[PDB]
């Protein structure tokens, strides 16, 4: 039994400096939710996010690769700073969690052995890495006052000579300098107050390569301008004034205002230097990137590209690449010139997932207010199988202004979705997508590379067929009969009147009276019997019910039930394949997973067969449509994000495996579903979690 992660769809965080790229390994690590996602852009078989670094207990607000080292720094909502170290090459292990701060970490710049940490305490401290150990220790901590850090840059002039540009709630740019003793810091002091800005400095960046050589320092503010300061070392002979000072009885330094670049109209957002050339990258408020360089000798814009959260500047193989994370949490690539393929993912907790009736693609609805379709492309535009069948977002059915709560596929060409809206709509697979899905995913229908972010959010939206009214609350769940002629719906409720089950027709999209009452709270799961003559319901009111189907009028009636199957909310339920038997299992907050089976012997009713308990609540349970050996296959998810694979036979659970902690989500498994399809001798598992990440595993 070999469990292999197939794909990870996570979205970047909305925060300054939440992403960084490794200058050497060319690995971009961005904070996605409470995890640090890793992705290799430059790659043969476009794969995308290949790992989610778990550790932080809050949203990651900053990620930085310490240059010239195997280290990386981080910071989260919980004022914590973590230090990772590359275990192998494309992976990192957390080796230290700094608890010291009780306020937000507003700034963070770190060189090989140091880490400047600006905090909302109004204090900026410098951590210095130990000599024998690998952990950092507070070498020094100070403050300017009224003054608060917003950003700071750390630089290395000479061997033990260091500079630190501090910018914050002060129109000025302070320049602290300290020497590096073997036990930390020595002679630290603010040695220069650079005047020039007419507002708060919110950006700083040093450019120090091959000195004696262009040693610049740029800085932005709450304006539409950027200032560049020239730095001379030992030979530095109205505003042509210099700020001289010296490190020790051996160094002299002279800063000076060189030029002001940003346009009057263009308001700047992000700014960073190039990895090797003397070029500055500045991204405007509106989606537009600009590159600046000298020569004359005046700084000028040498590259513009119109129509940000993050913006990475990197060059590989005599080509320049621009990675730009948008609002939809999607990264896009550009070379210099074409638009290479990027990566997609949610920006808010995922709520539901549902494979196409046949299982070639997987729809995913999240709180991002978007519904995405993920599929694997195993075909070049030439029609031959790709080496590795990678997963991508082939279409974004919608981006409505309603929080996507749930979805279920009616047909490979149509589906239904619901959100924090009163009604729910159905959607039809457009011509544009179908072709795309037929060409790369390979699926026949009746009547040269995946979608870049541009044609994925604008040209690939599914046209709505019909809306359905009835519920006076956001729809929580729903299922489609095996015959696809029915839809069982259920809204959010606190009483019995709204905790009603509505049955809709997929032909006339009209409701089919009468509604179904019983549950006193809100239903969490609705499943139709494999045969289709039954409907099951679990309703976080600690009970379940089975509604028999009248094959004539298609009206349902209550037959079986159980007022106390669980001591706490039931989160999920599922039916085993007919061959196994008239069985269905429920997953509950009471930590247990119970199995039920029809018994007409002592009296007609669905009796309890087996039951197992876990450590955390079981929020997701899905059983495979086919029978593995002569036994059934079940998957279980928890509030931990942990996933258990079980085997089941008349009264005996067999643990196949517990997905390594390194390959599973970081929070509540909102939904788990097996794909109906088997391809390349593998089974597929869809996993939507509360850590805003859609994932896909495979069982060999």
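Think of each number as a place in line: the chain as shown, counted from 1.
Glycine residues also receive a Cβ, built from the backbone N, Cα and C atoms like all the rest.
According to Swiss-Prot, the repeat 'WD 1' annotation covers 11-49, on the basis of sequence analysis. Counting residues 6+ beyond its ends, the repeat 'WD 1' (11-49) has Cβ neighbours under 8 Å at 55-65, 67, 72, 74, 76, 84, 89-92, 108, 270, 275, 309-310, 312, 314, 316-317, 321, 323, 325, 327-331, 333, 340-341, 343-347, 368, 386-388, 390-392, 450, 666-667, 691-693 in the same chain.
Beyond the ends of the repeat 'WD 2' (55-94), by six or more residues, the same chain brings 13, 15-23, 25, 27, 29-36, 38, 40, 100-105, 108-112, 115, 117, 119, 134-136 to within a C-beta distance below 8 angstroms of the stretch. Feature annotation from Swiss-Prot assigns repeat 'WD 2' to 55-94.
Annotation source Swiss-Prot lists repeat 'WD 3' at 100-137. Tertiary neighbourhood of the repeat 'WD 3' (100-137): same-chain residues 17, 61-62, 64, 66-69, 71, 73, 75, 79-81, 83, 85, 143-145, 147-156, 162, 164, 166, 168, 178, 180, 182-185, 188, 204, selected by CB-CB distance under 8 Å and a gap of 6+ residues from either end.
With a cut-off of 8 Å between Cβ atoms, the residues of this chain six or more beyond the repeat 'WD 7' (345-384) that come close are 6-12, 14, 32, 49, 328-330, 390-412, 415, 417, 419, 427, 433, 437, 439-443, 448-450, 484, 670-671, 673, 675-677, 684, 686-694, 696. Feature annotation from Swiss-Prot assigns repeat 'WD 7' to 345-384.
According to Swiss-Prot, the feature repeat 'WD 8' maps to 399-437.
Within the same chain, residues 357, 403, 405-406, 408-411, 416, 418-424, 426, 520-528, 530-532, 535, 537, 539, 541, 547, 554-556 sit at least 6 positions outside the repeat 'WD 9' (470-514) and bring their C-beta atoms closer than 8 Å to a C-beta of that stretch. Taken from Swiss-Prot, the feature repeat 'WD 9' covers 470-514, and the record attributes it to sequence analysis.
Across the repeat 'WD 10' (518-557), DSSP helix (H, G, I), strand (E, B) and coil residues number 0 helix, 17 strand, 23 coil. Look at Swiss-Prot and you will find 518-557 tagged as repeat 'WD 10'.
Taken from Swiss-Prot, the feature repeat 'WD 11' applies to 565-606.
Under the heading repeat 'WD 12', Swiss-Prot lists 613-656, citing sequence analysis as support. Beyond the repeat 'WD 12' (613-656), the same-chain residues lying 6 or more positions past its ends with a Cβ under 8 Å from any Cβ of the stretch are 1, 3, 568, 571-577, 579-580, 585-593, 595, 664-674, 676, 678, 683, 685, 687, 689-691, 699.
Beyond the ends of the repeat 'WD 11' (565-606), by six or more residues, the same chain brings 524-525, 527-531, 536-544, 546, 612-627, 632, 634, 636, 648, 671-672 to within a C-beta distance below 8 angstroms of the stretch.
A Cβ distance under 8 Å defines the sequence-distant neighbours of the repeat 'WD 10' (518-557), meaning residues of its chain 6+ beyond its ends; these are 476-483, 485-486, 488-496, 499-501, 503, 505, 512, 563-578, 584, 586, 588-589, 606. Across the break of 15 residues that separates residue 307 from residue 308, the C-alpha atoms are 10 angstrom from each other. Note on the repeat 'WD 2' (55-94): DSSP counts are 0 helix, 21 strand, 19 coil.
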